[PDB]
Amino acid sequence: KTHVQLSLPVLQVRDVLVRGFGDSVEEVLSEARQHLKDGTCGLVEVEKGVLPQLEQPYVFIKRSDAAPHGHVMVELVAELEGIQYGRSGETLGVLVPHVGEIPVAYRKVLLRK
């Protein structure tokens, strides 16, 4: 399938134990996609002071369309030193590894895979 229905645990930035996916744009996108498939991917909602507490490169989920079965359609865009790799809509949040942190909510998304 080109799209996959996921429910992503929404984590508080100060709970996050592994604050990024790796060390290159290509690695963080690769690792994000693997964790999304393996159900080991969390979402941090972006507000003032969140991104500086996470590790670059960042992986964002961004709205790709204006929401089948409650699931917002999203795609991945990476960012490193203010350059983004991808073009998409509004940020729903920043992806991080999930290693058992307790979420505050779930974000239903349809991921273009």
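Throughout, read-outs are computed from the coordinates displayed, never taken from laboratory work. Every residue, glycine as well, gets a Cβ built from its backbone with ideal geometry; the counts of neighbours run over all protein chains shown.
Table for the structure above
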| read-out | value |
| --- | --- |
| Pair list, Cβ < 8 Å and 6+ apart or interchain, from the stretch 75-91 residues that are at positive phi to residues that are of a type outside the set (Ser, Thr, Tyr) | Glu81/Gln56; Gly86/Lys62; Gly86/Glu75; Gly86/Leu76; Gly86/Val77; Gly86/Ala78 |
| Selection count where residues are touching a strand residue (DSSP E or B) at 6+ places or on another chain (Cβ under 7 Å) and either over 16 Å from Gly100 (Cα atoms) or in a loop (DSSP other than H, G, I, E, B) (or both), scope the stretch 34-57 | 8 |
| Yes/no for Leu43 being of a type outside the set (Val, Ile, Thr), under 18 Å from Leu92 (Cα atoms), crowded, with 18+ Cβ neighbours inside 10 Å and out of contact with any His (no Cβ under 7 Å at 6 or more places or on another chain) | yes |
| Single residue of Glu45, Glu79 found to be under 19 Å from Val13 (Cβ atoms) and under 10 Å from the mean Cα position of the chain (by Cα) | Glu45 |
| Test: residue in the stretch 83-105 that is surrounded by 20 or more Cβ atoms within 10 Å (Cβ to Cβ), part of a loop (DSSP other than H, G, I, E, B) and not basic (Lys, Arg) | yes |
| Residues that are surrounded by 13 or more Cβ atoms within 10 Å (Cβ to Cβ) and in a loop (DSSP other than H, G, I, E, B), drawn from the stretch 7-22 | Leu11, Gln12, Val16, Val18, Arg19, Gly20, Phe21, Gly22 |
| In the stretch 46-74, residue surrounded by the fewest Cβ atoms within 10 Å (Cβ to Cβ) [restricted to those that are farther than 20 Å from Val18 by Cβ and in contact with a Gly (Cβ under 7 Å, 6 or more places away or on another chain)] | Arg63 |
